[PDB]
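One structure is given below, encoded as C-alpha cells.
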Amino acid sequence: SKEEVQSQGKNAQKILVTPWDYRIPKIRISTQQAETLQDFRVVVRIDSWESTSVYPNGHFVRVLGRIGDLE
RNA sequence: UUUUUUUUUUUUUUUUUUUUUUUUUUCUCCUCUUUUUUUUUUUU
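In the deposited numbering, each residue's number is its place in the first sequence (first place is 1) plus 350.
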C-alpha cells in the first residue's frame with residue numbers, strides 16, 4: 351500500500367507480494383512499477399527457493415484485471 | 001599670361017586511412033481464529 355511504498359524509496363528494487371490463498375507463503379520479487387499498480391491483481395512464478403532468505407524468490411509474469419469490477 | 005611627372009586587384013593544388021547494441025551496486029523483512037478438509041446423485 352501507498353504509505354508503505356513512499357517509504358520503500360522510489361527505486362525500490364526488492365518488494366514483497368501477498369498471495370490470494372492462505373496456503374501459500376509470501377514471495378520476494380524485484381520490480382520497478384509498484385507505485386502505479388496498487389489497484390490491480392498480478393501474476394508471478396517461482397525459480398528457486400533460497401535458504402539465506404526465509405521466503406522464496408520470484409519474478410513477475412503478467413497483469414490481471416481490476417479489484418472492484420466483476421471481471 | 002599657370003607647363004612636366006608620380007606601376008597594380010596572393011602564388012599553389014593530380015591527399016592514404018583496415019569499425020559496431022550496451023557500458024557501473026543498495027540490506028534483513030510476525031499473512032489473526034468453527035473444523036476435520038467437503039466429495040454419490042440428476043437435470044448444461
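Every residue gets a Cβ at the ideal spot worked out from N, C-alpha and C, and that includes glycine.
- Message: For a quick check, are the C-beta atoms of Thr386 and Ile365 less than 7 Å apart?
- Response: Against the first sequence, residue 386 aligns to sequence position 36. Against the first sequence, residue 365 aligns to sequence position 15. Not a contact, by the Cβ cut-off of 7 Å.
- Where does the unbroken beta strand (DSSP E) through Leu414 begin, and where does it stop? Position 64 of the first sequence, counting from 1, holds the residue named residue 414. If you look at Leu414, you'll find it in the beta strand (DSSP E) that goes 406 to 416.
- Buried versus exposed call for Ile396 [16 or more other C-beta atoms within 10 Å across all chains shown]: Position 46 of the first sequence holds residue 396. Within 10 angstroms of the beta-carbon of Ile396 lie fewer than 16 other beta-carbons, which makes it exposed.
- Which of helix, strand or coil DSSP assigns to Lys360: Your numbering for residue 360 matches position 10 in the first sequence. In the structure shown, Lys360 sits in coil (DSSP, three-state: anything other than H, G, I, E or B).
- Message: Can you list, in chain order, the residues of its chain with a C-beta nearer than 8 Å to that of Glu421? Leave out the 5 residues immediately preceding and following it.
- Response: Here residue 421 refers to the residue found at position 71 when the first sequence is read from its first residue. Same-chain partners within the cutoff: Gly415.
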